[PDB]
Every structure is written in C-alpha cells, then in structure tokens.
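The structure appears right after this line, and notes come after that.
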Amino acid sequence: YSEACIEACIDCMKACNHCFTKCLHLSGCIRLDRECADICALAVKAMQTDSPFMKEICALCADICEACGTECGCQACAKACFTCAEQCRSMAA
Amino acid sequence: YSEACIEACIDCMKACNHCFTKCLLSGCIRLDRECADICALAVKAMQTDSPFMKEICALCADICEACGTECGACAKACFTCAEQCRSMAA
Amino acid sequence: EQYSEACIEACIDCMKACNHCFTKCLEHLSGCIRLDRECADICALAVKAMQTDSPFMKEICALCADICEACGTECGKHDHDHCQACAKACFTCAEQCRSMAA
Amino acid sequence: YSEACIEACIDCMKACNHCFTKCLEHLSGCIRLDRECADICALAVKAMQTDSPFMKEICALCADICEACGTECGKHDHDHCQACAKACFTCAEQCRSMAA
C-alpha cells in the first residue's frame with residue numbers, strides 16, 4: 001500500500017516548494033527545500049512504477065525530509081517534512 | 001488555484017507509469033514515459049508558482065491528449081488531465 | 001545523436017552554469033535563483049527527450065528555449081555569482097534549442 | 001571534486017537513454033532499468049553541481065541503480081546493451097568514490 005506515502009510525499013513537495021519561494025539566514029532551508037522536493041518526487045515515481053529500489057529511495061527521502069524539517073523548523077514545511085519522513089520510513093522497512 | 005489540476009496530473013502519472021510497466025505497444029510505452037515526465041513537471045510548475053506554469057500546462061495537455069489517443073484506464077486519466085491542464089493554461 | 005549532439009551539449013553546459021549560479025547566488029538575486037532551478041531542470045528534460053527520441057522532443061526543446069531565454073535575461077542583470085556566464089550559456093542553449101525545435 | 005563523476009553520470013545517461021530507445025524499436029527489464037538509471041544519473045549531476053547537502057547519499061543511490069542496470073543490460077548482446085552496461089559500471093565506481 002503506497003497511496004498514503006505518495007500523498008505525504010506530494011504534500012511535502014507542495015510545502016517545500018512553497019517554502020523555497022517564500023524564503024527567496026534562510027540559505028540552508030532553501031537548499032534543503034529544493035533537495036527535499038526533488039527526492040520526494042523521485043520517491044513518488046519509484047512507488048508508482050513499482051521500482052526495485054523503492055525502499056532504498058524511500059529511506060533516502062526520509063533522511064532528507066528529516067533534515068529539511070529540522071532546518072525549516074517554514075513551520076508548515078517542517079510539519080509536512082516530518083510526516084513524510086515517518087511515512088517513508090514505514091515504506092522503507 | 002491549482003489543487004484540482006495537481007491531483008489530475010498525479011493521477012495521470014500513476015496511470016501512465018502503471019501502463020508503462022504492464023505494457024513492458026511501443027508507441028504507448030514511449031508516450032507513457034513522456035506523459036508521466038511532463039505531468040511531474042506541471043506539478044512542480046504549479047507548486048513553485050512558475051512563470052511558465054501556463055505554458056507547461058499547455059504542453060502537458062497536448063502530451064496527455066496524444067498519450068490517451070495512443071493508449072486508448074490510462075486513456076481516461078490522460079483525457080482528464082488534459083482538460084484540467086487546458087483550463088489552467090488558459 | 002547525428003542531429004542532436006550539439007544541442008545536447010549546449011543544454012548540458014547550460015545546466016552546469018545554472019546549477020553553479022544557483023549555489024553561488026545562495027552563498028536581489030531571488031529571481032535568478034528561481035529561474036536557475038527551472039532552467040537547469042528543463043535542460044535536463046530536453047537532454048532526455050533528445051536522447052530517447054521522444055515524440056515531443058521538438059516541443060520540449062521549444063519550452064527549454066523559452067525558459068533559457070528568461071533565465072538569461074534575469075541572470076544578465078547581475079555582475080557576480082557566475083551570473084554573466086550563466087546568461088551566456090542560457091542564450092546559447094536557447095538558440096540551439098530553437099534550431100532543434102524547428 | 002566532482003567533474004569526473006559528473007562526466008561519468010552524463011555518459012551513463014547517454015548510454016541508458018540510447019539503450020532505452022533501441023530496445024523499444026526479453027528486454028523489458030533493461031528498458032525499465034534504463035529509465036530509472038538515466039533519471040538518477042541526472043539527479044546525481046544536479047546534486048553535485050549544486051553542492052547539495054545530500055550529494056553523497058544521492059551518489060550512493062546512483063551507484064546502486066547503475067550497478068543493477070549494468071547487470072541487467074549486460075545479459076544482452078545488441079541494442080547498445082553492452083555499451084550501456086560498461087557506462088553503468090564506470091559510473092557506479094565513480095559514484096562510490098564520491099559517496100565515501
């Protein structure tokens with residue numbers, strides 16, 4: 001069941017991309033927002049295509065989401081990031 | 001606002017990616033890949049408020065229409081996405 | 001890559017320049033930063049489209065030219081952080097993409 | 001520094017994309033992995049060029065996908081598959097160095 005993780009990724013993308021634009025000492029949040037939005041997209045694609053690397057991609061996505069949430073924590077972004085990390089860890093297990 | 005179009009793009013991505021894997025039809029496979037890729041780009045454009053959002057959506061609609069025509073579930077999602085993208089692109 | 005090798009190269013060069021500019025600008029530049037991200041991303045897509053003989057390659061190249069033209073215009077308003085180099089690479093890429101798109 | 005790894009990723013993208021189109025004109029596993037590998041190589045390039053804080057982790061992933069793509073394409077003797085395998089294995093080795 002990947003529907004819930006896909007939704008969390010999509011929500012995280014949205015929040016990270018909005019935070020990126022609004023932010024534009026925020027250089028760290030901007031960098032992470034870009035990388036997080038990019039890895040979330042990759043995780044969505046991996047889950048939608050049934051990729052053999054879906055779990056590894058999800059694990060990476062969690063790590064990036066956690067870092068992005070820590071740095072933005074911007075508060076909406078941090079929340080969506082931590083939720084997405086949790087869902088990606090579950091998928092990765 | 002863009003939530004409905006984003007949702008249609010995401011549904012189209014899902015359907016095109018599922019069709020790509022199941023087909024693996026060479027025309028459908030090629031278009032499935034391109035359509036999924038342009039849907040993802042349209043999602044990003046809407047989420048980042050890109051100045052090229054309308055142009056990207058227009059392109060996305062064209063590719064979705066072609067993908068739907070060739071695949072014609074995927075076809076259904078494609079035509080839905082095309083119409084939502086045309087509305088955004090106006 | 002008989003007909004696309006040059007345009008591919010210009011897109012690869014533009015990606016490099018835009019990504020470099022993005023990072024340097026981050027260390028009044030917010031418009032350049034945004035466009036650098038968009039332009040690097042579309043250039044990567046155009047490369048993929050050309051390499052895979054994708055049926056929308058010409059349309060993708062036309063979009064790439066438009067985004068490159070805009071990125072070049074915005075980066076061209078700044079005189080450090082690799083912005084003038086980025087503008088040049090953008091304009092080169094736009095011209096090559098317009099040829100491919102024909 | 002990343003120039004050599006970038007170059008290997010760019011070469012691997014080229015080979016995977018070429019292999020994808022040639023295979024489409026028992027190759028379904030190669031076609032799938034060609035798509036994923038070309039895509040991750042593009043991401044690794046961006047990560048290196050933008051000095052992204054997860055560049056090392058992305059390079060590690062890119063190595064794993066490259067190794068799998070090479071292993072699968074390496075089972076076939078036309079459609080640019082052997083060339084694709086070689087470029088995949090080269091890339092993987094450069095990415096592993098960058099990921100350290």
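Residue names in the structure tokens use chain letters A, B, ... in the order shown, residue numbers from 1 in each chain, and ligand numbers from 1 in the order shown.
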
**Study point:** Within 8 Å of stretch 76-80 of chain B using only C-alpha atoms, minus same-chain residues under 2 positions, as a ChimeraX atom specification
**Key:** /B:8,11-12,15,64-65,67-68,73-74,82-84

Next, dump the selected residues to file, keeping only C-alpha atoms, as a tab-separated table (two decimals), in the first residue's frame.
chain	number	residue	atom	x	y	z
B	8	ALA	CA	-5.27	15.12	-12.10
B	11	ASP	CA	-3.49	10.51	-11.24
B	12	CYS	CA	-2.25	10.61	-14.80
B	15	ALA	CA	-1.86	5.55	-14.65
B	64	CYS	CA	-1.75	13.82	-22.31
B	65	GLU	CA	-4.15	14.00	-25.27
B	67	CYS	CA	-0.95	9.54	-24.81
B	68	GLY	CA	-4.69	8.99	-24.26
B	73	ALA	CA	-7.62	3.44	-17.57
B	74	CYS	CA	-4.55	5.29	-18.73
B	82	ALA	CA	-5.59	17.22	-20.45
B	83	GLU	CA	-8.79	19.00	-19.75
B	84	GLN	CA	-7.66	20.22	-16.30

Exercise for review: Using only C-alpha atoms, determine which residues of chain A fall within 8 Å of chain B; present them as a VMD selection string.
Suggested key: chain A and resid 13 to 14 17 to 18 20 to 21 41 45 48 to 49

Point to revise | Of the listed residues D:86, D:32, D:46, D:26, that which approaches chain C most closely, counting only C-alpha atoms | key: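 Distance minimum relative to chain C lands on D:46.
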
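Residue-level contact on chain C: within 10 Å of chain D, counting only C-alpha atoms, the set is residues 1, 8, 12, 15, 16, 17, 18, 19, 20, 21, 22, 23, 24, 37, 40, 41, 44, 45, 47, 48, 49, 50, 51, 52, 53 and 54 of chain C.
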
Can you write out the residues you just picked, keeping N, CA and C atoms, as a PDB file, in the first residue's frame?
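Saved file part34.pdb follows:
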ATOM      1  N   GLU C   1      23.085  10.217 -32.181  1.00  0.00           N
ATOM      2  CA  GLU C   1      22.920  11.703 -31.953  1.00  0.00           C
ATOM      3  C   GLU C   1      23.364  12.565 -33.139  1.00  0.00           C
ATOM      4  N   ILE C   8      22.355  18.989 -27.352  1.00  0.00           N
ATOM      5  CA  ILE C   8      22.620  18.280 -26.087  1.00  0.00           C
ATOM      6  C   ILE C   8      23.754  18.922 -25.330  1.00  0.00           C
ATOM      7  N   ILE C  12      23.606  20.667 -21.677  1.00  0.00           N
ATOM      8  CA  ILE C  12      24.467  20.173 -20.557  1.00  0.00           C
ATOM      9  C   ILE C  12      25.270  21.369 -19.981  1.00  0.00           C
ATOM     10  N   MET C  15      22.940  23.680 -17.985  1.00  0.00           N
ATOM     11  CA  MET C  15      22.677  23.051 -16.674  1.00  0.00           C
ATOM     12  C   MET C  15      23.795  23.319 -15.723  1.00  0.00           C
ATOM     13  N   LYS C  16      25.020  23.076 -16.188  1.00  0.00           N
ATOM     14  CA  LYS C  16      26.166  23.317 -15.360  1.00  0.00           C
ATOM     15  C   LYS C  16      26.170  24.766 -14.878  1.00  0.00           C
ATOM     16  N   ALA C  17      26.043  25.689 -15.818  1.00  0.00           N
ATOM     17  CA  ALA C  17      26.139  27.113 -15.467  1.00  0.00           C
ATOM     18  C   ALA C  17      25.041  27.581 -14.527  1.00  0.00           C
ATOM     19  N   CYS C  18      23.825  27.124 -14.789  1.00  0.00           N
ATOM     20  CA  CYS C  18      22.652  27.441 -13.952  1.00  0.00           C
ATOM     21  C   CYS C  18      22.781  26.859 -12.587  1.00  0.00           C
ATOM     22  N   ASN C  19      23.219  25.596 -12.503  1.00  0.00           N
ATOM     23  CA  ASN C  19      23.430  24.992 -11.163  1.00  0.00           C
ATOM     24  C   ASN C  19      24.549  25.681 -10.360  1.00  0.00           C
ATOM     25  N   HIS C  20      25.648  26.024 -11.045  1.00  0.00           N
ATOM     26  CA  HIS C  20      26.689  26.797 -10.419  1.00  0.00           C
ATOM     27  C   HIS C  20      26.227  28.166  -9.932  1.00  0.00           C
ATOM     28  N   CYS C  21      25.480  28.860 -10.761  1.00  0.00           N
ATOM     29  CA  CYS C  21      24.938  30.157 -10.424  1.00  0.00           C
ATOM     30  C   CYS C  21      23.984  30.055  -9.218  1.00  0.00           C
ATOM     31  N   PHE C  22      23.135  29.026  -9.234  1.00  0.00           N
ATOM     32  CA  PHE C  22      22.224  28.771  -8.108  1.00  0.00           C
ATOM     33  C   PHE C  22      22.941  28.713  -6.794  1.00  0.00           C
ATOM     34  N   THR C  23      23.950  27.864  -6.719  1.00  0.00           N
ATOM     35  CA  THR C  23      24.731  27.724  -5.491  1.00  0.00           C
ATOM     36  C   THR C  23      25.509  28.997  -5.089  1.00  0.00           C
ATOM     37  N   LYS C  24      26.134  29.655  -6.069  1.00  0.00           N
ATOM     38  CA  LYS C  24      26.892  30.864  -5.773  1.00  0.00           C
ATOM     39  C   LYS C  24      25.963  31.989  -5.299  1.00  0.00           C
ATOM     40  N   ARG C  37      16.993  27.297 -11.102  1.00  0.00           N
ATOM     41  CA  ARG C  37      16.422  25.986 -10.799  1.00  0.00           C
ATOM     42  C   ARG C  37      15.552  25.473 -11.952  1.00  0.00           C
ATOM     43  N   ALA C  40      17.824  24.782 -15.230  1.00  0.00           N
ATOM     44  CA  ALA C  40      18.612  23.522 -15.076  1.00  0.00           C
ATOM     45  C   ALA C  40      17.729  22.283 -15.217  1.00  0.00           C
ATOM     46  N   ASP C  41      16.543  22.342 -14.620  1.00  0.00           N
ATOM     47  CA  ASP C  41      15.615  21.213 -14.699  1.00  0.00           C
ATOM     48  C   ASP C  41      15.110  20.944 -16.116  1.00  0.00           C
ATOM     49  N   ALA C  44      17.812  19.451 -18.399  1.00  0.00           N
ATOM     50  CA  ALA C  44      17.944  18.020 -18.179  1.00  0.00           C
ATOM     51  C   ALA C  44      16.826  17.263 -18.941  1.00  0.00           C
ATOM     52  N   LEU C  45      15.588  17.778 -18.864  1.00  0.00           N
ATOM     53  CA  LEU C  45      14.489  17.126 -19.584  1.00  0.00           C
ATOM     54  C   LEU C  45      14.687  17.106 -21.108  1.00  0.00           C
ATOM     55  N   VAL C  47      17.530  17.196 -22.702  1.00  0.00           N
ATOM     56  CA  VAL C  47      18.574  16.172 -22.977  1.00  0.00           C
ATOM     57  C   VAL C  47      17.952  14.782 -23.042  1.00  0.00           C
ATOM     58  N   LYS C  48      17.149  14.454 -22.032  1.00  0.00           N
ATOM     59  CA  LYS C  48      16.493  13.157 -22.037  1.00  0.00           C
ATOM     60  C   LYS C  48      15.612  12.971 -23.274  1.00  0.00           C
ATOM     61  N   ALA C  49      14.817  13.994 -23.620  1.00  0.00           N
ATOM     62  CA  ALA C  49      13.931  13.922 -24.760  1.00  0.00           C
ATOM     63  C   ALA C  49      14.675  13.686 -26.061  1.00  0.00           C
ATOM     64  N   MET C  50      15.784  14.399 -26.227  1.00  0.00           N
ATOM     65  CA  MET C  50      16.614  14.193 -27.416  1.00  0.00           C
ATOM     66  C   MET C  50      17.279  12.827 -27.456  1.00  0.00           C
ATOM     67  N   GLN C  51      17.773  12.372 -26.319  1.00  0.00           N
ATOM     68  CA  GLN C  51      18.465  11.092 -26.282  1.00  0.00           C
ATOM     69  C   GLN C  51      17.542   9.891 -26.462  1.00  0.00           C
ATOM     70  N   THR C  52      16.287  10.031 -26.046  1.00  0.00           N
ATOM     71  CA  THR C  52      15.338   8.965 -26.146  1.00  0.00           C
ATOM     72  C   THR C  52      14.449   9.078 -27.375  1.00  0.00           C
ATOM     73  N   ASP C  53      14.713  10.045 -28.253  1.00  0.00           N
ATOM     74  CA  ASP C  53      13.913  10.262 -29.467  1.00  0.00           C
ATOM     75  C   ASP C  53      12.406  10.397 -29.137  1.00  0.00           C
ATOM     76  N   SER C  54      12.156  11.212 -28.145  1.00  0.00           N
ATOM     77  CA  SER C  54      10.824  11.266 -27.585  1.00  0.00           C
ATOM     78  C   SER C  54       9.886  11.991 -28.610  1.00  0.00           C
TER      79      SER C  54
END

Check your understanding: Which residue gives the smallest distance to residue A:57 among D:30, D:9, D:61, D:55, with only C-alpha atoms counted?
Key ->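 Counting only C-alpha atoms, the residue closest to residue A:57 is D:61.
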
Exercise for review: For chain A, report every residue with an atom at most 10 Å from chain C (counting only C-alpha atoms), formatted as a VMD selection string.
Suggested key: chain A and resid 20 to 24 26 to 28 30 to 31 34

Please, could you write that set of residues out with C-alpha atoms as a CSV table (one decimal), in the first residue's frame?
chain,number,residue,atom,x,y,z
A,20,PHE,CA,11.5,27.7,-1.2
A,21,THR,CA,9.6,30.6,-3.0
A,22,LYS,CA,8.6,32.4,0.2
A,23,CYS,CA,12.2,32.2,1.7
A,24,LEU,CA,13.6,33.7,-1.5
A,26,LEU,CA,17.5,31.0,5.2
A,27,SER,CA,20.1,29.7,2.7
A,28,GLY,CA,20.1,26.3,4.4
A,30,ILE,CA,16.3,27.0,0.6
A,31,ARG,CA,18.9,24.4,-0.3
A,34,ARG,CA,15.0,22.1,-3.2

For chain D versus chain B, which residues have an atom no more than 8 Å away, and what is each residue's nearest atom pair and distance in Å rounded to one decimal, using only C-alpha atoms, chain-then-number order, as a tab-separated table?
residue	atom	partner	partner_atom	distance
D:24	CA	B:26	CA	6.1
D:25	CA	B:26	CA	7.2
D:28	CA	B:24	CA	5.3
D:32	CA	B:21	CA	7.7

Could you write out that same residue set with N, CA, C and O atoms as a short mmCIF file (atom, residue, chain, number, x, y, z; two decimals), in the first residue's frame?
data_model
loop_
_atom_site.label_atom_id
_atom_site.label_comp_id
_atom_site.auth_asym_id
_atom_site.auth_seq_id
_atom_site.Cartn_x
_atom_site.Cartn_y
_atom_site.Cartn_z
N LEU D 24 13.35 -0.52 -27.38
CA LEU D 24 11.94 -0.37 -27.75
C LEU D 24 11.67 -0.55 -29.23
O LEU D 24 10.63 -1.08 -29.57
N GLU D 25 12.58 -0.15 -30.11
CA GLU D 25 12.38 -0.44 -31.54
C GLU D 25 12.63 -1.94 -31.78
O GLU D 25 12.63 -2.38 -32.92
N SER D 28 12.45 -6.21 -21.40
CA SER D 28 11.64 -5.31 -20.60
C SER D 28 12.36 -4.86 -19.33
O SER D 28 12.23 -3.69 -18.93
N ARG D 32 13.09 -0.91 -18.31
CA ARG D 32 12.78 -0.35 -17.01
C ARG D 32 13.97 0.24 -16.28
O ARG D 32 13.91 1.37 -15.74
#

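Residue-level contacts from chain B to chain C at 8 Å, counting only C-alpha atoms, read residues 30, 31, 34, 52, 55, 56, 59 and 63 of chain B.
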
Exercise for review: May I have the residues of chain A within 12 Å of chain D, counting only C-alpha atoms, written as a ChimeraX atom specification?
Suggested key: /A:27-36,38-39,41-43,45-46,49-68,71

Got time to write the residues from that selection, N, CA and C atoms, as a short mmCIF file (atom, residue, chain, number, x, y, z; two decimals), in the first residue's frame?
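Generated output (result_33.cif):
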data_model
loop_
_atom_site.label_atom_id
_atom_site.label_comp_id
_atom_site.auth_asym_id
_atom_site.auth_seq_id
_atom_site.Cartn_x
_atom_site.Cartn_y
_atom_site.Cartn_z
N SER A 27 19.45 30.39 3.83
CA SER A 27 20.14 29.72 2.71
C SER A 27 20.10 28.19 2.88
N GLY A 28 20.28 27.72 4.12
CA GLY A 28 20.13 26.30 4.44
C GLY A 28 18.74 25.74 4.20
N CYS A 29 17.70 26.45 4.61
CA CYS A 29 16.33 25.99 4.34
C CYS A 29 16.05 25.97 2.81
N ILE A 30 16.57 26.94 2.07
CA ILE A 30 16.31 27.00 0.65
C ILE A 30 16.94 25.80 -0.04
N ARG A 31 18.19 25.51 0.30
CA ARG A 31 18.91 24.38 -0.28
C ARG A 31 18.23 23.08 0.02
N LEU A 32 17.90 22.87 1.29
CA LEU A 32 17.20 21.67 1.65
C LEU A 32 15.81 21.58 1.01
N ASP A 33 15.10 22.70 0.89
CA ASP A 33 13.75 22.66 0.30
C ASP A 33 13.82 22.12 -1.12
N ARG A 34 14.81 22.60 -1.87
CA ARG A 34 14.98 22.11 -3.23
C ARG A 34 15.28 20.62 -3.26
N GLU A 35 16.24 20.20 -2.46
CA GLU A 35 16.62 18.78 -2.46
C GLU A 35 15.51 17.89 -1.95
N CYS A 36 14.77 18.36 -0.97
CA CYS A 36 13.70 17.57 -0.41
C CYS A 36 12.58 17.42 -1.45
N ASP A 38 12.81 17.51 -4.55
CA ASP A 38 13.30 16.66 -5.67
C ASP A 38 13.28 15.19 -5.28
N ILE A 39 13.72 14.86 -4.06
CA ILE A 39 13.72 13.47 -3.65
C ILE A 39 12.31 12.95 -3.40
N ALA A 41 9.72 13.78 -5.15
CA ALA A 41 9.22 13.45 -6.44
C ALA A 41 9.74 12.11 -6.91
N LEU A 42 11.02 11.84 -6.63
CA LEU A 42 11.64 10.58 -7.04
C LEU A 42 11.00 9.41 -6.32
N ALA A 43 10.70 9.60 -5.02
CA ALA A 43 10.04 8.58 -4.26
C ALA A 43 8.62 8.28 -4.80
N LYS A 45 7.67 8.64 -7.91
CA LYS A 45 7.85 7.89 -9.14
C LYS A 45 8.23 6.44 -8.86
N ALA A 46 9.08 6.23 -7.87
CA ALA A 46 9.51 4.88 -7.52
C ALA A 46 8.34 4.02 -7.04
N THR A 49 5.92 3.32 -10.11
CA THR A 49 6.44 2.40 -11.09
C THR A 49 6.79 1.02 -10.49
N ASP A 50 6.56 0.80 -9.20
CA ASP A 50 6.93 -0.45 -8.54
C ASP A 50 8.45 -0.72 -8.69
N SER A 51 9.28 0.29 -8.43
CA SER A 51 10.73 0.16 -8.73
C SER A 51 11.36 -0.82 -7.74
N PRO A 52 12.35 -1.60 -8.20
CA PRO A 52 13.04 -2.44 -7.26
C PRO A 52 13.84 -1.66 -6.21
N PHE A 53 14.10 -0.37 -6.43
CA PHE A 53 14.78 0.46 -5.48
C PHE A 53 13.85 1.35 -4.70
N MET A 54 12.55 1.05 -4.72
CA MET A 54 11.59 1.87 -3.99
C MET A 54 11.97 2.02 -2.52
N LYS A 55 12.33 0.93 -1.85
CA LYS A 55 12.61 1.02 -0.43
C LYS A 55 13.83 1.87 -0.10
N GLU A 56 14.89 1.69 -0.88
CA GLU A 56 16.11 2.48 -0.73
C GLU A 56 15.85 3.95 -1.00
N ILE A 57 15.04 4.25 -2.02
CA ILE A 57 14.69 5.63 -2.33
C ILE A 57 13.87 6.24 -1.21
N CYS A 58 12.87 5.50 -0.73
CA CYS A 58 12.11 5.96 0.42
C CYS A 58 12.98 6.23 1.66
N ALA A 59 13.99 5.38 1.93
CA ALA A 59 14.85 5.58 3.06
C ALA A 59 15.62 6.88 2.92
N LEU A 60 16.07 7.15 1.71
CA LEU A 60 16.80 8.38 1.46
C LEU A 60 15.89 9.59 1.60
N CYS A 61 14.69 9.48 1.04
CA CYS A 61 13.71 10.52 1.16
C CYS A 61 13.40 10.86 2.61
N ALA A 62 13.29 9.83 3.48
CA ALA A 62 13.11 10.10 4.89
C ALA A 62 14.22 10.89 5.53
N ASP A 63 15.45 10.52 5.21
CA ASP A 63 16.59 11.20 5.78
C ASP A 63 16.61 12.67 5.36
N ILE A 64 16.34 12.93 4.10
CA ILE A 64 16.35 14.30 3.59
C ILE A 64 15.18 15.10 4.21
N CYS A 65 13.99 14.48 4.26
CA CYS A 65 12.83 15.12 4.85
C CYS A 65 13.09 15.47 6.29
N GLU A 66 13.70 14.54 7.05
CA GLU A 66 14.01 14.84 8.44
C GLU A 66 14.94 16.04 8.55
N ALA A 67 15.97 16.09 7.74
CA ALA A 67 16.92 17.23 7.77
C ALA A 67 16.25 18.54 7.37
N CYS A 68 15.41 18.49 6.35
CA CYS A 68 14.70 19.68 5.88
C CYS A 68 13.74 20.21 6.96
N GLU A 71 15.87 21.88 9.79
CA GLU A 71 16.33 23.20 9.39
C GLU A 71 15.18 24.20 9.26
#

Check your understanding: Among chain C, which residues carry a DSSP assignment of helix (DSSP H, G or I), reported as a ChimeraX atom specification?
Key -> /C:5-26,30-51,57-75,83-101

**Study point:** One-decimal distance in Å that lies between atom CA of residue C:9 and atom CA of residue D:67
**Key:** 25.7 Å

Check your understanding: Restricting the calculation to only C-alpha atoms, which member of B:61, B:38, B:71, B:2 is positioned closest to residue B:85?
Key ->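 When distances to residue B:85 are compared using only C-alpha atoms, the smallest one comes from B:61.
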
Review point. When distances are computed from only C-alpha atoms, which of A:19, A:44, A:4, A:10 shows the smallest separation from residue A:76?
Key: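 Closest candidate: A:19.
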
Check your understanding: So, counting only C-alpha atoms, which residue among B:89, B:28, B:75, B:81 is closest to residue B:57?
Key ->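 Of B:89, B:28, B:75, B:81, the one nearest residue B:57 is B:89, counting only C-alpha atoms.
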
Practice item. With a distance cut-off of 8 Å and only C-alpha atoms, select the neighbouring residues of stretch 89-98 of chain D, excluding the residue or stretch itself and same-chain residues fewer than 4 positions from it, and output the selection as a VMD selection string. Key: chain D and resid 2 4 to 5 8 to 9 12 56 59 to 60 62 to 64 66 to 67 70 85

Output of the above residues as a short mmCIF file (atom, residue, chain, number, x, y, z; two decimals), in the first residue's frame, restricted to C-alpha atoms:
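Resulting contents of out.cif:
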data_model
loop_
_atom_site.label_atom_id
_atom_site.label_comp_id
_atom_site.auth_asym_id
_atom_site.auth_seq_id
_atom_site.Cartn_x
_atom_site.Cartn_y
_atom_site.Cartn_z
CA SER D 2 33.06 16.20 -8.83
CA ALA D 4 34.91 13.16 -13.26
CA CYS D 5 31.85 11.68 -11.52
CA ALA D 8 30.56 9.52 -15.88
CA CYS D 9 26.94 10.20 -14.93
CA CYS D 12 25.77 6.80 -18.36
CA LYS D 56 26.95 11.82 -1.12
CA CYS D 59 25.71 9.39 -5.39
CA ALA D 60 25.47 6.20 -3.34
CA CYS D 62 23.07 6.32 -8.21
CA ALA D 63 25.82 3.69 -7.82
CA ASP D 64 23.36 1.03 -6.68
CA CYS D 66 23.82 1.87 -12.07
CA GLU D 67 25.16 -1.46 -10.86
CA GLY D 70 24.59 -2.72 -15.84
CA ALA D 85 26.50 -1.94 -19.13
#
